[PDB]
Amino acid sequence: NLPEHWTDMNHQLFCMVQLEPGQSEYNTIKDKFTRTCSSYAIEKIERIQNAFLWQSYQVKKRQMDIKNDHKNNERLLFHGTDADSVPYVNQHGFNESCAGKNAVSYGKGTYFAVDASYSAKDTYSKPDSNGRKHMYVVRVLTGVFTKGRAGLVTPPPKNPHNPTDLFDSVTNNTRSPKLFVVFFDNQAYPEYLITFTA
């Protein structure tokens, strides 16, 4: 069940684990970030070990892999947020109330970026008075997707003659996506928290 690289949690259902800079796991996440955010300095990277959120996410992933008949349903994406939202996200994941703000709506859902530089905007990873900013690296079940539009509350049907068989997510552009929106709980697992500064 729980990932093999996680630390022992001593009966706790949640903990944050600071990664050691210079070691493999920190470097892997740092590189994902610096692909588009190399100008920023990372104060720390924390592994989020949230047993319940992980279990529910993995159940949804198995279901999506069965339904779609392939295992190309997951992306690793980013989500910048304000400091006040971090304790909630760490425990409960992303909800439209705290993770739904956007410049151009592709639907009423939770939004995630392909590039860290998008989530690094101050409108998302709001800096505090000292410029400290927060961004998650998120496992997202994007599955089969289509272009979104304002005012969706669920993804569209794949075929309008079968209104309940839905796309798994929507995007701004199916050919060259920069963001994805998901509408259901347990399609997004907050995997790492990156605290950084201009």
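We number the residues from 1 along the sequence you see.
Averaged over CA atoms, B-factors in the entry run higher in 20-28 than in the other of 20-28 and 176-184. Between the stretches 73-81 and 124-132, it is 124-132 that shows the larger average CA temperature factor. Residues shown: 41, 53, 141, 144. Highest C-alpha temperature factor in the entry: 41. The entry assigns its greatest Cα B factor, within the set 119, 105, 95, 91, to 95.
Residue-level temperature factors show residue 153 in the highest third of its chain, judged at the C-alpha atom. The entry lists a Cα temperature factor for residue 193 that places it in the lowest third of the chain's modelled residues.
Ranked by Cα temperature factor within the chain, residue 113 sits in the lowest third according to the deposited record.
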